[PDB]
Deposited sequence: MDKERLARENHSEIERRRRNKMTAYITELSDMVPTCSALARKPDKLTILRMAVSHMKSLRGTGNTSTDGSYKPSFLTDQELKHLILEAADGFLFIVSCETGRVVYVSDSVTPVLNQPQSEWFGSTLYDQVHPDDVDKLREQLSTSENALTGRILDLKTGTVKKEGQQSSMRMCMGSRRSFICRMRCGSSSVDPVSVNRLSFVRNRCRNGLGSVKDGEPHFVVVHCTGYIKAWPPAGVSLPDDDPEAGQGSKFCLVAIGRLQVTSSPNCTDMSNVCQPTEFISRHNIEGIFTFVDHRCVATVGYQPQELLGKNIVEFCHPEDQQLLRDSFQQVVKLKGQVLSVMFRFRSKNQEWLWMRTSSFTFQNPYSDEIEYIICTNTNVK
């Protein structure tokens, strides 16, 4: 219709529903404070209640509460210089079943799996960090932990460092402030050293064995193989080296991530260095049966 009137009536409706939102908010405030009154009474009671309740919208522990309710985890602040545990929150008890007694006075290297101790180093050398390791907990018990965090300049602003504090003589230059949290018939290809260690894992593994590629790399394939099928799979891996370029097929059952046994046919052959004719790796095509 007419230009000016279309604009005018839509402005009418905009102001009308502005007043509607206002009234709705005021009745929300009426629902939200201790104690039918008109809108001015509601506003005065609300400002009195807000003055009784009282810069950030939430207090520090409310923010922490929201975070930990959402996705668990525990905060740890270590130093990159030695991995020394500068700080660890209380939530490490519900996460690792460990007291704060165990992490203070220690380093992060003492709290993770030994074979991870070097991966840790690569994450602490010299913004964001995101890795996974195995942390401790009547014999030793490790659990997978996904850590994510950042590198911060030490000491933090606003936190006083007294003279007699144990941190006074530390003098770290950088810190990892992170949070750590717990936790189909196809085929996939893989590469192995002549000892049998996964060194390349096809992404189709999740569709065939359910594991993520990271869950397979670095481990020997026999580790996932039924204790009986192990000597046969080993003989296959050793004879595939003697017969370079030849195909060796072998059937064996593979423990899925759901800890089921899946029968698989693995066909292996060597990779020949085109100059030296030396074995670079073993190519396997692991197929479900």
In sequence order, which parts of the deposited sequence are missing C-alpha coordinates?
36 to 41, 61 to 72, 145 to 175, 187 to 215, 262 to 275, 382
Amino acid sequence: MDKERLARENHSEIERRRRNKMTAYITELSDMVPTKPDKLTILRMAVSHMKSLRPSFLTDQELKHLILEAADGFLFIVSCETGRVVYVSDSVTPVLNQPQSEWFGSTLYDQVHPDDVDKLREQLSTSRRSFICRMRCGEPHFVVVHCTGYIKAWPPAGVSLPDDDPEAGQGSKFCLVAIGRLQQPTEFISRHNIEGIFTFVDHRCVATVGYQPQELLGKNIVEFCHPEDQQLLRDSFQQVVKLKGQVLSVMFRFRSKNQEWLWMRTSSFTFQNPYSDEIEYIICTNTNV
From here on, numbers count along this sequence of modelled residues.
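Rigid core here is just the name for the largest C-alpha set that superposes within 1.5 Å across the two forms.
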The stretch that moves more in 5 other deposited structures of this protein, judged by RMS C-alpha distance from this form after core superposition, 5 to 13 or 266 to 274, is 5 to 13
Fitting on the rigid core only, I'd like to know which of the two stretches, 224 to 232 or 26 to 34, ends up farther away in Cα terms in 5 other deposited structures of this protein.
224 to 232
Is residue 97 one of the residues left unmodelled in a third or more of the other entries compared?
no
Entries skipping residue 180: at least a third of other ones
no
Which wins on mean Cα temperature factor, 7 to 15 or 273 to 281?
7 to 15
Do the CA atoms of 228 to 236 or those of 246 to 254 have the higher mean B-factor in the entry?
228 to 236
Candidate set 69, 60, 260, 28 [ranked by C-alpha B-factor, highest]:
260
Scanning 127, 160, 208, 193 for peak Cα temperature factor in the entry gives 208
Taking the chain's C-alpha temperature factors as the reference, tell me which third residue 82 falls into: lowest, middle or highest.
middle
Going by the CA temperature factor in the PDB record, which third of the chain does residue 108 belong to: lowest, middle or highest?
lowest
Quick one: classify residue 213 as lowest, middle or highest third of the chain based on its Cα B-factor.
middle
Rank-wise, by C-alpha B-factor, drop residue 197 into the lowest, middle or highest third of its chain.
lowest
Going by the entry, which third of its chain does the Cα temperature factor of residue 137 land in?
highest
